[PDB]
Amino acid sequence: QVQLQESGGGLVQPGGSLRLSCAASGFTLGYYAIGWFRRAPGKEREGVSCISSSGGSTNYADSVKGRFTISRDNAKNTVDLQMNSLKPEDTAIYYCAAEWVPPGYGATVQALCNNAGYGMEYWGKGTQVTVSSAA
């Protein structure tokens, strides 16, 4: 009965901002580390930004540092991705993915995010983010 669902996709002018949200139903998302991944039309899936279950550790791809901001609310069962100063290069399908991090590892969520999301337990169906002058 586990469900992940992204929302917030749309068409935005270059330099504009956009906020995505990942909502969970069927389970408590707060136990899980969450990664936002994206697939561009030509490339393969890459980690954009990740956050640990408590929200204490985050990781960002170099492409988006200082532009994107991941956050979460474990009372509302959500994880948000704030996207500012959007560039055409950001155009992609954005997926939310959840993974339970077992105890006994480092506090970082760096490796969770640098590895194209292979092995992440749960996935949403994704939402479209398009950055173009056509907006």
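One rule holds for the numbers: they count along the sequence shown, beginning at 1.
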item	value
Mean temperature factor over C-alpha atoms, higher-scoring stretch between 103-111 and 51-59	103-111
80-88 versus 31-39 - greater average Cα B-factor per the deposited record	80-88
For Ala24, the third of its chain into which the C-alpha B factor falls	middle
Third of the chain's Cα B-factor distribution that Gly117 belongs to, per the entry	highest
Ranked against its chain, the third holding the CA B-factor of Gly16	highest
Chain thirds of CA B-factor: placement of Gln5	lowest
Entry-reported Cα temperature factor of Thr130, expressed as the chain third it lands in	middle
